[PDB]
file run_21.cif (mmCIF, C-alpha atoms and all ligand atoms)
data_query
loop_
_atom_site.label_atom_id
_atom_site.label_comp_id
_atom_site.auth_asym_id
_atom_site.auth_seq_id
_atom_site.Cartn_x
_atom_site.Cartn_y
_atom_site.Cartn_z
CA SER A 1 25.02 -3.79 18.23
CA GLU A 2 21.47 -4.21 19.54
CA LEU A 3 19.21 -1.19 19.82
CA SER A 4 15.48 -0.73 19.60
CA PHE A 5 13.14 2.21 19.98
CA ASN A 6 9.62 3.12 19.12
CA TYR A 7 7.95 6.57 18.79
CA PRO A 8 4.36 6.18 17.65
CA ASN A 9 4.19 9.98 18.02
CA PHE A 10 6.65 12.60 19.43
CA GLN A 11 4.80 13.79 22.54
CA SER A 12 8.04 12.43 24.04
CA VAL A 13 11.46 13.32 22.54
CA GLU A 14 13.38 12.00 25.48
CA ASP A 15 16.06 10.42 23.27
CA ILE A 16 15.90 12.76 20.25
CA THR A 17 18.53 15.40 19.69
CA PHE A 18 17.54 18.53 17.68
CA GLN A 19 20.24 20.58 15.86
CA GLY A 20 20.14 23.52 13.51
CA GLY A 21 16.64 24.45 12.51
CA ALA A 22 14.82 21.29 13.58
CA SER A 23 12.44 21.26 16.51
CA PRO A 24 9.62 19.28 18.13
CA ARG A 25 6.26 20.68 17.04
CA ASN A 26 2.70 19.37 17.23
CA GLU A 27 3.72 15.78 18.20
CA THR A 28 6.10 15.59 15.18
CA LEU A 29 9.73 16.19 14.33
CA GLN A 30 9.74 19.42 12.26
CA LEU A 31 13.00 19.35 10.32
CA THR A 32 13.19 22.91 9.04
CA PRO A 33 11.91 26.05 10.73
CA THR A 34 8.81 28.17 10.10
CA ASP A 35 8.32 31.76 11.12
CA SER A 36 5.67 33.11 13.52
CA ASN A 37 3.19 33.18 10.63
CA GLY A 38 3.81 29.48 9.86
CA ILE A 39 5.76 30.37 6.71
CA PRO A 40 8.81 28.16 5.76
CA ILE A 41 12.07 29.88 6.36
CA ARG A 42 14.48 29.91 3.40
CA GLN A 43 18.00 28.57 3.49
CA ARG A 44 17.89 26.53 6.76
CA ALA A 45 18.79 22.95 7.62
CA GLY A 46 18.05 20.87 10.65
CA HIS A 47 18.68 17.46 12.10
CA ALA A 48 16.63 15.33 14.47
CA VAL A 49 18.59 12.27 15.54
CA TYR A 50 18.29 9.37 17.90
CA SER A 51 20.69 10.40 20.62
CA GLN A 52 22.37 7.04 21.47
CA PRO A 53 25.24 5.77 19.35
CA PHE A 54 25.29 2.24 18.02
CA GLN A 55 27.72 0.09 16.11
CA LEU A 56 27.24 -1.49 12.64
CA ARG A 57 29.70 -4.36 12.79
CA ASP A 58 27.93 -7.72 12.33
CA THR A 59 24.51 -5.93 12.51
CA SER A 60 21.26 -5.87 10.51
CA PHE A 61 18.56 -3.25 11.09
CA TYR A 62 15.00 -2.38 10.25
CA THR A 63 13.50 1.07 10.65
CA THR A 64 10.20 2.58 9.60
CA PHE A 65 8.83 6.08 9.78
CA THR A 66 5.94 8.15 8.60
CA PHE A 67 6.34 11.56 7.10
CA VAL A 68 4.56 14.50 5.54
CA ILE A 69 5.98 17.06 3.03
CA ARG A 70 4.03 20.28 3.49
CA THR A 71 4.35 22.59 0.45
CA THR A 72 3.15 26.14 -0.03
CA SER A 73 3.86 26.27 -3.78
CA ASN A 74 4.55 24.18 -6.91
CA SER A 75 8.25 24.87 -6.49
CA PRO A 76 9.20 23.47 -3.11
CA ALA A 77 12.88 22.86 -2.05
CA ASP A 78 14.86 20.86 -0.93
CA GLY A 79 13.64 17.75 0.74
CA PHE A 80 14.90 15.56 3.58
CA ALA A 81 16.77 12.37 4.28
CA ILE A 82 17.16 9.58 6.82
CA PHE A 83 20.94 9.27 7.42
CA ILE A 84 23.67 7.43 9.31
CA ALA A 85 26.88 9.17 10.28
CA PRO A 86 29.28 9.46 13.17
CA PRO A 87 27.91 10.74 16.45
CA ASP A 88 29.48 14.17 16.07
CA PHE A 89 28.22 14.72 12.52
CA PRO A 90 26.89 18.28 12.55
CA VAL A 91 24.15 20.00 10.57
CA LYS A 92 25.81 20.97 7.21
CA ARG A 93 24.72 23.21 4.36
CA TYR A 94 21.08 24.14 3.59
CA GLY A 95 19.61 24.12 0.10
CA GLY A 96 20.31 21.14 -2.14
CA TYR A 97 23.03 19.86 0.22
CA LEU A 98 20.10 18.61 2.41
CA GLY A 99 21.91 19.43 5.59
CA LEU A 100 24.36 16.59 4.85
CA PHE A 101 27.19 18.05 2.73
CA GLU A 102 28.98 21.30 1.99
CA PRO A 103 29.59 22.93 -1.37
CA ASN A 104 33.30 22.25 -1.75
CA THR A 105 33.25 18.56 -1.10
CA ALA A 106 29.62 17.52 -1.78
CA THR A 107 30.54 15.19 -4.67
CA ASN A 108 33.83 13.98 -3.24
CA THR A 109 33.34 10.53 -1.90
CA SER A 110 36.75 10.48 -0.15
CA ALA A 111 35.86 13.61 1.88
CA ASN A 112 32.50 12.46 3.39
CA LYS A 113 31.34 9.70 5.70
CA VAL A 114 27.53 9.65 5.57
CA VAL A 115 24.95 7.29 4.11
CA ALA A 116 21.36 8.38 3.49
CA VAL A 117 18.03 7.75 1.82
CA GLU A 118 16.99 11.09 0.35
CA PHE A 119 13.60 12.47 -0.66
CA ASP A 120 14.59 15.21 -3.09
CA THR A 121 12.02 17.83 -4.03
CA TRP A 122 14.26 20.19 -6.07
CA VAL A 123 16.14 19.32 -9.22
CA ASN A 124 19.61 20.75 -8.77
CA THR A 125 21.75 21.78 -11.78
CA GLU A 126 24.84 22.30 -9.63
CA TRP A 127 25.63 18.57 -9.61
CA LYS A 128 24.33 15.57 -11.53
CA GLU A 129 20.88 14.47 -10.58
CA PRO A 130 17.73 13.40 -12.42
CA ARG A 131 15.53 15.96 -14.15
CA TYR A 132 12.56 15.02 -11.99
CA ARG A 133 11.93 14.88 -8.23
CA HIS A 134 13.44 11.64 -6.88
CA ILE A 135 14.17 9.30 -4.02
CA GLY A 136 17.85 8.22 -3.76
CA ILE A 137 20.45 6.30 -1.81
CA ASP A 138 23.52 8.45 -1.12
CA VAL A 139 26.91 7.06 -0.11
CA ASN A 140 29.39 9.79 0.79
CA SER A 141 28.10 12.12 -1.96
CA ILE A 142 25.13 14.25 -2.87
CA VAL A 143 25.12 12.50 -6.28
CA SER A 144 23.04 9.40 -5.47
CA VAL A 145 24.45 5.97 -6.22
CA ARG A 146 20.84 4.68 -6.84
CA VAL A 147 17.93 6.93 -7.74
CA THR A 148 14.36 6.63 -8.85
CA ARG A 149 11.59 8.99 -9.94
CA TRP A 150 9.30 10.23 -7.15
CA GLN A 151 5.94 10.96 -8.68
CA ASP A 152 4.67 14.49 -8.31
CA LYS A 153 1.20 13.15 -7.43
CA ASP A 154 2.78 11.60 -4.36
CA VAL A 155 5.16 14.51 -3.56
CA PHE A 156 2.20 16.88 -3.42
CA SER A 157 -0.32 14.42 -1.96
CA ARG A 158 -0.46 15.90 1.57
CA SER A 159 -0.59 12.27 2.66
CA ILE A 160 1.17 10.68 5.60
CA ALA A 161 3.64 8.44 3.69
CA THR A 162 5.52 5.43 5.06
CA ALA A 163 9.18 4.51 4.60
CA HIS A 164 10.80 1.21 5.48
CA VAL A 165 14.61 1.12 5.45
CA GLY A 166 16.50 -2.04 6.11
CA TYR A 167 20.14 -3.14 6.18
CA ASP A 168 21.08 -6.77 5.71
CA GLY A 169 24.46 -7.11 7.45
CA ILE A 170 25.20 -10.47 5.87
CA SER A 171 24.60 -9.50 2.25
CA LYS A 172 25.65 -5.85 2.86
CA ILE A 173 22.53 -4.43 1.23
CA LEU A 174 20.63 -1.25 2.09
CA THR A 175 16.99 -1.15 0.93
CA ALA A 176 14.24 1.46 1.06
CA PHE A 177 10.56 0.81 0.37
CA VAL A 178 8.36 3.94 0.35
CA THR A 179 4.59 3.73 0.17
CA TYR A 180 1.73 6.23 -0.25
CA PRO A 181 -1.93 5.49 0.76
CA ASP A 182 -3.72 5.01 -2.57
CA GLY A 183 -0.53 6.22 -4.30
CA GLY A 184 2.90 5.11 -5.49
CA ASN A 185 5.22 2.54 -4.15
CA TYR A 186 9.01 2.80 -4.47
CA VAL A 187 11.83 0.28 -4.21
CA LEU A 188 15.55 1.09 -4.00
CA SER A 189 18.45 -1.15 -2.98
CA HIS A 190 22.19 -0.86 -3.03
CA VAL A 191 25.12 -3.03 -2.08
CA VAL A 192 27.23 -1.16 0.49
CA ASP A 193 29.29 -2.42 3.39
CA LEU A 194 28.27 -0.03 6.16
CA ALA A 195 30.72 -1.45 8.72
CA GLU A 196 33.57 -0.72 6.39
CA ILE A 197 32.51 2.90 6.04
CA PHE A 198 31.72 3.17 9.76
CA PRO A 199 34.04 1.13 11.87
CA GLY A 200 33.11 2.82 15.13
CA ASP A 201 29.94 4.35 16.46
CA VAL A 202 27.16 5.97 14.45
CA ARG A 203 23.90 7.80 15.03
CA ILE A 204 20.77 7.56 12.88
CA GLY A 205 18.47 10.45 12.22
CA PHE A 206 16.86 12.85 9.87
CA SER A 207 18.07 15.90 8.01
CA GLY A 208 15.86 18.43 6.20
CA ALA A 209 16.65 21.55 4.29
CA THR A 210 15.22 24.55 2.56
CA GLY A 211 15.05 25.93 -0.04
CA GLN A 212 11.62 27.53 -0.09
CA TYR A 213 7.91 26.81 0.31
CA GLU A 214 8.41 23.49 2.14
CA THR A 215 8.42 22.01 5.64
CA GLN A 216 9.19 18.33 6.35
CA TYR A 217 7.68 16.46 9.28
CA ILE A 218 8.32 13.08 10.82
CA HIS A 219 5.18 11.68 12.47
CA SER A 220 6.37 8.34 13.89
CA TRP A 221 9.59 6.27 13.87
CA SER A 222 10.68 2.89 15.11
CA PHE A 223 13.99 0.99 14.82
CA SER A 224 15.41 -2.38 15.65
CA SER A 225 18.89 -3.76 15.16
CA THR A 226 20.21 -7.25 15.80
CA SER A 227 23.51 -9.06 15.65
CA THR A 228 24.22 -11.32 12.60
CA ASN A 229 26.36 -13.85 14.60
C1 LIG A 301 19.30 27.28 -4.69
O1 LIG A 301 17.94 27.62 -4.31
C2 LIG A 301 16.93 26.69 -4.74
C3 LIG A 301 15.61 27.36 -4.37
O2 LIG A 301 15.39 28.58 -5.11
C4 LIG A 301 17.23 25.34 -4.13
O3 LIG A 301 17.18 25.49 -2.64
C5 LIG A 301 18.63 24.85 -4.54
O4 LIG A 301 18.99 23.58 -3.91
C6 LIG A 301 19.68 25.91 -4.22
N1 LIG A 301 20.97 25.43 -4.78
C7 LIG A 301 21.86 24.90 -4.00
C8 LIG A 301 23.17 24.56 -4.67
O5 LIG A 301 21.70 24.74 -2.77
CA CA A 302 19.23 14.34 -5.31
CA CA A 303 18.08 18.27 -5.17
#

call {"tool": "encode", "arguments": {"input": "run_21.cif", "output": "structure tokens"}}
result
Amino acid sequence: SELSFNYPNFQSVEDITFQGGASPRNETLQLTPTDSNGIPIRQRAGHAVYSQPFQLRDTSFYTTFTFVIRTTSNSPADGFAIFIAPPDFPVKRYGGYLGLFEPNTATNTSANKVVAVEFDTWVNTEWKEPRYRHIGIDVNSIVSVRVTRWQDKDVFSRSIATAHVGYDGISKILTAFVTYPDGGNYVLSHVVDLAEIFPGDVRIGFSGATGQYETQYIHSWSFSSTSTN
């Protein structure tokens, strides 16, 4: 179906739903909570999602957002993701589950219905993932179906980075481009039929988790979807 929205900043959150530890702060979406001294709270997850459901049958979309990873040490955890799931998808487990999965089914593709582009700051040993920080496409599992190295210079840049995520409903391809000002660029694509996974309504949004020593912020976000008939 057709949907568009545009948040150049978040001084309005009229159509954003906050769950778990996410909240609106300083004109941004703050995905995990900080204490009254500004210190990242361990072992929390949060979601900030566009509140209106849409459908993926016969649909393409384009979305872009800007984000900042704020770290307070060289060992930040866990990262965040932009995700699509059903409208009643709740905040799930903190830590390396990124607010998207739970321990007993996190690698079981038959037990999950969620697609995401993840920005993963902590190399987990509890499941298979690369030995470096990485950006990944996830389809119904915390073990990414496509993954690439995310350079530490960019992770720790303090820069406002830009993501572009697009879904071609004809070819059934999900693509992320991530760019850093005077830094790295990243390209990831995967063939996946999102209408087959999600035959009814979905919501799109963000999920962040700690971990430790990290806070994730979304500074702007826009979206457009269009029919492919
Ligand atoms: C355990 O804690 C580290 C931080 O010390 C990371 O958050 C990691 O993701 C955690 N492991 C799991 C399985 O969540
Ligand atoms: Ca990962
Ligand atoms: Ca991880």

call {"tool": "axis_aligned_box", "arguments": {"input": "run_21.cif", "around": "region 111-114 of chain A", "padding_each_side": "5 Å", "output": "JSON"}}
result
{"center_x": 31.7, "center_y": 11.6, "center_z": 3.8, "size_x": 18.3, "size_y": 14.0, "size_z": 13.8}

call {"tool": "closest_residue", "arguments": {"input": "run_21.cif", "among": "A:172, A:134, A:149, A:222", "to": "ligand CA 302 (chain A)", "atoms": "all atoms listed in the file"}}
result
A:134

call {"tool": "closest_residue", "arguments": {"input": "run_21.cif", "among": "A:164, A:70, A:133, A:190", "to": "residue 178 (chain A)", "atoms": "only C-alpha atoms"}}
result
A:164

call {"tool": "residues_near_ligand", "arguments": {"input": "run_21.cif", "ligand": "ligand CA 303 (chain A)", "cutoff": "8 Å", "atoms": "all atoms listed in the file", "output": "list in words"}}
result
residues 77, 78, 79, 96, 97, 98, 120, 121, 122, 123, 124, 129 and 133 of chain A

call {"tool": "atom_distance", "arguments": {"input": "run_21.cif", "atom1": "atom CA of ligand CA 302 (chain A)", "atom2": "CA of residue 46 (chain A)"}}
result
17.3 Å

call {"tool": "build_atoms", "arguments": {"input": "run_21.cif", "residues": "region 9-29 of chain A", "atoms": "N, CA, C and O atoms", "output": "PDB file, keeping the file's coordinate frame"}}
result
ATOM      1  N   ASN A   9       4.328   8.534  18.247  1.00  0.00           N
ATOM      2  CA  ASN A   9       4.190   9.980  18.020  1.00  0.00           C
ATOM      3  C   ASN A   9       5.386  10.577  18.794  1.00  0.00           C
ATOM      4  O   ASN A   9       6.130   9.856  19.419  1.00  0.00           O
ATOM      5  N   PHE A  10       5.501  11.903  18.768  1.00  0.00           N
ATOM      6  CA  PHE A  10       6.650  12.600  19.430  1.00  0.00           C
ATOM      7  C   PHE A  10       6.171  13.521  20.535  1.00  0.00           C
ATOM      8  O   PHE A  10       6.735  14.587  20.713  1.00  0.00           O
ATOM      9  N   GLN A  11       5.159  13.062  21.274  1.00  0.00           N
ATOM     10  CA  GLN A  11       4.800  13.790  22.540  1.00  0.00           C
ATOM     11  C   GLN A  11       5.939  13.553  23.547  1.00  0.00           C
ATOM     12  O   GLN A  11       6.053  14.402  24.440  1.00  0.00           O
ATOM     13  N   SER A  12       6.771  12.501  23.401  1.00  0.00           N
ATOM     14  CA  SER A  12       8.040  12.430  24.040  1.00  0.00           C
ATOM     15  C   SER A  12       9.180  12.506  22.975  1.00  0.00           C
ATOM     16  O   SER A  12       9.099  11.811  21.947  1.00  0.00           O
ATOM     17  N   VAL A  13      10.215  13.264  23.311  1.00  0.00           N
ATOM     18  CA  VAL A  13      11.460  13.320  22.540  1.00  0.00           C
ATOM     19  C   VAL A  13      12.611  13.086  23.462  1.00  0.00           C
ATOM     20  O   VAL A  13      13.734  13.629  23.282  1.00  0.00           O
ATOM     21  N   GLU A  14      12.407  12.231  24.473  1.00  0.00           N
ATOM     22  CA  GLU A  14      13.380  12.000  25.480  1.00  0.00           C
ATOM     23  C   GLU A  14      14.752  11.692  24.915  1.00  0.00           C
ATOM     24  O   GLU A  14      15.750  12.147  25.449  1.00  0.00           O
ATOM     25  N   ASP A  15      14.781  10.863  23.863  1.00  0.00           N
ATOM     26  CA  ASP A  15      16.060  10.420  23.270  1.00  0.00           C
ATOM     27  C   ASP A  15      16.309  11.011  21.910  1.00  0.00           C
ATOM     28  O   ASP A  15      17.052  10.419  21.123  1.00  0.00           O
ATOM     29  N   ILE A  16      15.666  12.115  21.565  1.00  0.00           N
ATOM     30  CA  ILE A  16      15.900  12.760  20.250  1.00  0.00           C
ATOM     31  C   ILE A  16      16.685  14.041  20.470  1.00  0.00           C
ATOM     32  O   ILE A  16      16.375  14.848  21.362  1.00  0.00           O
ATOM     33  N   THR A  17      17.779  14.180  19.722  1.00  0.00           N
ATOM     34  CA  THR A  17      18.530  15.400  19.690  1.00  0.00           C
ATOM     35  C   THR A  17      18.175  16.229  18.479  1.00  0.00           C
ATOM     36  O   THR A  17      18.093  15.691  17.402  1.00  0.00           O
ATOM     37  N   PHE A  18      17.928  17.485  18.761  1.00  0.00           N
ATOM     38  CA  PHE A  18      17.540  18.530  17.680  1.00  0.00           C
ATOM     39  C   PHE A  18      18.770  19.448  17.488  1.00  0.00           C
ATOM     40  O   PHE A  18      19.343  19.983  18.429  1.00  0.00           O
ATOM     41  N   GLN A  19      19.108  19.689  16.223  1.00  0.00           N
ATOM     42  CA  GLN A  19      20.240  20.580  15.860  1.00  0.00           C
ATOM     43  C   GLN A  19      19.839  21.433  14.699  1.00  0.00           C
ATOM     44  O   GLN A  19      18.994  21.035  13.878  1.00  0.00           O
ATOM     45  N   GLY A  20      20.408  22.616  14.626  1.00  0.00           N
ATOM     46  CA  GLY A  20      20.140  23.520  13.510  1.00  0.00           C
ATOM     47  C   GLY A  20      18.689  24.001  13.644  1.00  0.00           C
ATOM     48  O   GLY A  20      18.202  24.336  14.712  1.00  0.00           O
ATOM     49  N   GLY A  21      17.971  23.966  12.545  1.00  0.00           N
ATOM     50  CA  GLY A  21      16.640  24.450  12.510  1.00  0.00           C
ATOM     51  C   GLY A  21      15.525  23.458  12.813  1.00  0.00           C
ATOM     52  O   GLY A  21      14.381  23.849  12.616  1.00  0.00           O
ATOM     53  N   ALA A  22      15.824  22.237  13.236  1.00  0.00           N
ATOM     54  CA  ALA A  22      14.820  21.290  13.580  1.00  0.00           C
ATOM     55  C   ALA A  22      14.282  21.476  15.005  1.00  0.00           C
ATOM     56  O   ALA A  22      14.992  21.929  15.871  1.00  0.00           O
ATOM     57  N   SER A  23      13.008  21.169  15.191  1.00  0.00           N
ATOM     58  CA  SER A  23      12.440  21.260  16.510  1.00  0.00           C
ATOM     59  C   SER A  23      11.231  20.322  16.633  1.00  0.00           C
ATOM     60  O   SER A  23      10.672  19.851  15.653  1.00  0.00           O
ATOM     61  N   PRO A  24      10.822  20.025  17.877  1.00  0.00           N
ATOM     62  CA  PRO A  24       9.620  19.280  18.130  1.00  0.00           C
ATOM     63  C   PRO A  24       8.429  20.219  17.981  1.00  0.00           C
ATOM     64  O   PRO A  24       8.389  21.275  18.588  1.00  0.00           O
ATOM     65  N   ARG A  25       7.435  19.850  17.211  1.00  0.00           N
ATOM     66  CA  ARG A  25       6.260  20.680  17.040  1.00  0.00           C
ATOM     67  C   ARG A  25       5.081  19.781  16.780  1.00  0.00           C
ATOM     68  O   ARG A  25       5.098  18.914  15.935  1.00  0.00           O
ATOM     69  N   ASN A  26       3.993  20.061  17.435  1.00  0.00           N
ATOM     70  CA  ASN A  26       2.700  19.370  17.230  1.00  0.00           C
ATOM     71  C   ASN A  26       2.821  17.841  17.160  1.00  0.00           C
ATOM     72  O   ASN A  26       2.224  17.251  16.260  1.00  0.00           O
ATOM     73  N   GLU A  27       3.572  17.229  18.091  1.00  0.00           N
ATOM     74  CA  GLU A  27       3.720  15.780  18.200  1.00  0.00           C
ATOM     75  C   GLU A  27       4.530  15.180  17.067  1.00  0.00           C
ATOM     76  O   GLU A  27       4.540  13.964  16.934  1.00  0.00           O
ATOM     77  N   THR A  28       5.226  16.004  16.289  1.00  0.00           N
ATOM     78  CA  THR A  28       6.100  15.590  15.180  1.00  0.00           C
ATOM     79  C   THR A  28       7.514  16.106  15.345  1.00  0.00           C
ATOM     80  O   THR A  28       7.831  16.941  16.241  1.00  0.00           O
ATOM     81  N   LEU A  29       8.432  15.596  14.505  1.00  0.00           N
ATOM     82  CA  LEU A  29       9.730  16.190  14.330  1.00  0.00           C
ATOM     83  C   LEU A  29       9.637  17.145  13.123  1.00  0.00           C
ATOM     84  O   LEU A  29       9.341  16.704  12.018  1.00  0.00           O
TER      85      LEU A  29
END
